[PDB]
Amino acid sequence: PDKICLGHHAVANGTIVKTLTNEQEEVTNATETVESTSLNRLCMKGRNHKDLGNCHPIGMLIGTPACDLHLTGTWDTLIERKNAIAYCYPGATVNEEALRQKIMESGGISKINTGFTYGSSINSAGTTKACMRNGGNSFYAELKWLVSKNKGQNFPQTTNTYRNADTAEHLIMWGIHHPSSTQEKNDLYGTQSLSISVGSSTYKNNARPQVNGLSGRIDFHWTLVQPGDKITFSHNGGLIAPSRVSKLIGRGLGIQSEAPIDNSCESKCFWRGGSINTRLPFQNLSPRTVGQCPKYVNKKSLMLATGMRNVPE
């Protein structure tokens, strides 16, 4: 008798997958669902980006030399690097991490003049060797070091007030100079008792190592001034006064990475080690990622079957 037989394809070299029932199930074909390989690059194609290089985000608001090309701008992506410089002159910012996170969340920075003017008894052009610009002594671009014009003389009681004329909140920063000796203090702001007062609607306020051979310190403070609101500085010396205030524009993605930029490849997912370009749903590179990312899993491999059971000859 004539016979007609039904049958299915097979392959010599099949792939092992897991099922509900069996841990070692041979199938004709399978595809990976977990990404294991990374690109040690930041794929910035189709992105209006900004690599701050040696500039620290806070440096953009106060205007450190290292940050001269980053005082203003717009971006959808901001890249911060390791050991980035914020302070040329030794000192720190109160609520440093809060400010950094706010800038790294932003989509740009615009600057507005305070318009602050000072008497002839005040020198607004105080400079230092810590903040070098064009080979000569300089200072923070967005701040002015106010000192008595005549050495030793009393710094006059001054009042400066900034009004937010805009329709969005402005970020105002200022510095307080802490000299290391009573002699230094007398030379700059005179013999009197020093007091700096800052007041707005929602805000109000009044031995150490050498760092680059300076025991002198400029500590930075900051607040938000809401639209229509004013902020008043009452000082008799020691205030580092803002010449410009900052405005943070829209939203953007903040990457902290050591990886070099590549403007050829595109990506929506980034980590310290670079970019992740996979179409795959899962990833075992890092649990610390930013952007639109595959989900982190504690798994080297997960093979998804794309063919029937393999039963070879």
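A residue's number is simply how far along the shown sequence it sits, counting from 1. Here, rigid core means the biggest group of C-alpha atoms that superpose within 1.5 Å across both forms.
**Q** In 4 other deposited structures of this protein, superposed by the rigid core, which stretch departs further from the shown form in CA positions, 258 to 266 or 29 to 37?
**A** Larger mean C-alpha displacement, comparing 258 to 266 and 29 to 37 in 4 other deposited structures of this protein, is found in 29 to 37.
**Q** Consider 13 to 21 and 290 to 298 separately and indicate which one has Cα atoms farther, on average, from the shown form in 4 other deposited structures of this protein after rigid core alignment.
**A** Evaluated in 4 other deposited structures of this protein, the stretch farther from the shown form is 13 to 21.
**Q** Please check residue 191 against the other PDB entries of this protein that were compared: is it missing in at least a third of those that model both its neighbours?
**A** No, residue 191 is modelled in every other compared entry.
**Q** Other compared entries: residue 231 unbuilt in at least a third?
**A** Across the compared entries, residue 231 is modelled every time.
**Q** According to the entry, are there none, 1 to 3, 4 to 9, or 10 or more residues of the deposited sequence without coordinates between residue 206 and residue 207?
**A** Some 4 to 9 residues are missing between them.
**Q** Pick between 171 to 179 and 185 to 193: the one whose mean CA B-factor in the entry is higher.
**A** Looking at the recorded C-alpha B-factors, 185 to 193 comes out higher on average.
**Q** Could you check the entry and say whether 219 to 227 or 151 to 159 has the higher mean CA B-factor?
**A** It is 151 to 159 that shows the higher mean C-alpha B-factor.
**Q** Of the choices 120, 110, 114, 101, which one's C-alpha carries the largest B-factor in the record?
**A** It is 120.
**Q** Among 281, 273, 46, 57, where is the Cα temperature factor highest, going by the PDB entry?
**A** Highest CA B-factor of the listed options: 46.
**Q** Compare the C-alpha B factor of residue 19 with those of the other modelled residues in its chain, then answer lowest, middle or highest third.
**A** Its C-alpha B-factor, which the entry lists for residue 19, ranks in the lowest third among residues of this chain.
**Q** Consider only the C-alpha atoms of the modelled residues in this chain, order them by B-factor as the entry records it, and name the third containing residue 65: lowest, middle or highest.
**A** Top third by C-alpha B-factor.
**Q** Splitting the chain's C-alpha B-factors into thirds, which one does residue 81 fall into?
**A** Its C-alpha B-factor, which the entry lists for residue 81, ranks in the lowest third among residues of this chain.
**Q** Taking the C-alpha B-factors as the PDB entry records them, is residue 7 in the lowest, middle or highest third of its chain?
**A** CA B-factor rank for residue 7: lowest third.
**Q** Within this chain, which third does the Cα B-factor at residue 28 fall in: lowest, middle or highest?
**A** For residue 28, the deposited C-alpha B-factor lands in the lowest third.
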